[PDB]
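# Observations on chain architecture
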Amino acid sequence: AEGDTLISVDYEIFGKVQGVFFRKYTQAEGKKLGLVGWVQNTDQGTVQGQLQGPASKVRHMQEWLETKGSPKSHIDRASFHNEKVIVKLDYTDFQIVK
Ligand SMILES: [Cl-]
């Protein structure tokens, strides 16, 4: 769904994505797009979280997560799961989970 329909989607990013300011840049891009959700480093060398917001903004974020990331990161792969349409947002902000 695109446009203004609200969606939620889970993501996991693989590559050189830890120790490169990925979490800070992701949170800044999410807030800039008006998204809520979260980002966290996993014990497997990856980055994961969820995004919630208007379909069009979430998709730009998905592209950012697949192609750009933080300046020194190198994204090899971005996997998205559990994409669903929602009527209300669950989260109120974009968190960095530690
Ligand atoms: Cl990082």
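Residues numbered from 1 in each chain as written, not as in the entry; some residues may be left out. Heavy atoms only, no water.

X-ray crystallography is the method the PDB entry states for this structure, with the resolution given as 1.8 Å.

As a reminder of what qualifies: UniProt positions are given in the numbering used here, feature names are shortened, and annotations may be inferred rather than shown by experiment.
If you look the protein chain up in the PDB entry, it shows as ACYLPHOSPHATASE from Bos taurus. According to the record, the entry carries the title "ACYL-PHOSPHATASE (COMMON TYPE) FROM BOVINE TESTIS". According to its UniProt record, the protein chain has this under Catalytic activity: "an acyl phosphate + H2O = a carboxylate + phosphate + H(+)". A UniProt comment under Sequence similarities is attached to the protein chain, and it reads "Belongs to the acylphosphatase family."

### Considerations on the pattern of salt bridges
Pairing between side chains of opposite charge can happen when the charged atoms of each approach one another. Here is the rule we go by: Salt bridge, as used here: a side-chain nitrogen of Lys or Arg that lies within 4 Å of a carboxyl oxygen of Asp or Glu. Helix numbering and strand numbering both begin at the N terminus, where a helix is a DSSP run of H or I of at least 4 residues and a strand a DSSP run of E of at least 2. Burial classes: relative accessible area under 20% of the type maximum marks a residue as buried, over 50% as exposed, and values in between as partly exposed (1.4 Å probe, protein chains only).
In this structure the tally under the stated criterion is 3 salt bridges. Residue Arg59 pairs with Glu2 through a salt bridge whose shortest N-O separation is 3.1 Å. Remark: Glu2 occurs in the segment before β1 (6–16) and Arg59 occurs in helix α2 (residues 55–67); sequence separation between them is 57 residues. Between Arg59 and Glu83 there is a salt bridge; the shortest N-O distance is 3.3 Å. Placement of the pair is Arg59 in helix α2 and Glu83 in strand β4 (residues 74–85), with a sequence separation of 24 residues. Under the relative-accessibility criterion, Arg59 is labelled buried at 18%. One connected set of salt bridges, linked through shared partners, spans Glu2, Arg59 and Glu83.

### Points about the side chain of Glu29
Heads up, the rule is: Pairs of residues are marked as contacts when any of their non-hydrogen atoms sit within 4.5 Å.
Tracing the sequence through the fold places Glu29 in helix α1 (residues 22–32). Apart from the residues lying within four places of it in its own chain, the contact partners of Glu29 are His60, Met61 and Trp64.

### Overview of the nonpolar core
Proteins that are soluble and globular tend to have nonpolar side chains buried together. Under the convention used in this document: Here, nonpolar core refers to any group of buried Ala, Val, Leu, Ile, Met, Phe, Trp, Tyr and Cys residues whose side-chain atoms link them within 4.5 Å.
Counting residues in each nonpolar core, the largest one holds 19 residues, and the members touching the most others are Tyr11, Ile13, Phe22, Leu51 and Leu65. Among the elements that make up this core, the one with the highest residue count is α2 (5 residues). When neighbours within four sequence positions are excluded, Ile13 is seen to be in contact with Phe22, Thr46, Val47, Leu65, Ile75, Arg77 and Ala78.

### Some details on the UniProt feature "active site" in the protein chain
When the UniProt feature table is mapped to this numbering, "active site" covers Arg23 and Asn41. A maximum C-alpha distance of 7.8 Å places the annotated residues, which cover 19 residues in sequence, within one compact spot. With respect to the element layout, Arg23 can be found in helix α1. Under the relative-accessibility criterion, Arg23 is labelled partly exposed at 23%. Ignoring any residue separated from it by four or fewer positions in sequence, one finds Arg23 in contact with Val39, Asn41, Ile96, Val97 and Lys98. Following the sequence through the fold, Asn41 ends up in strand β2 (residues 36–41).

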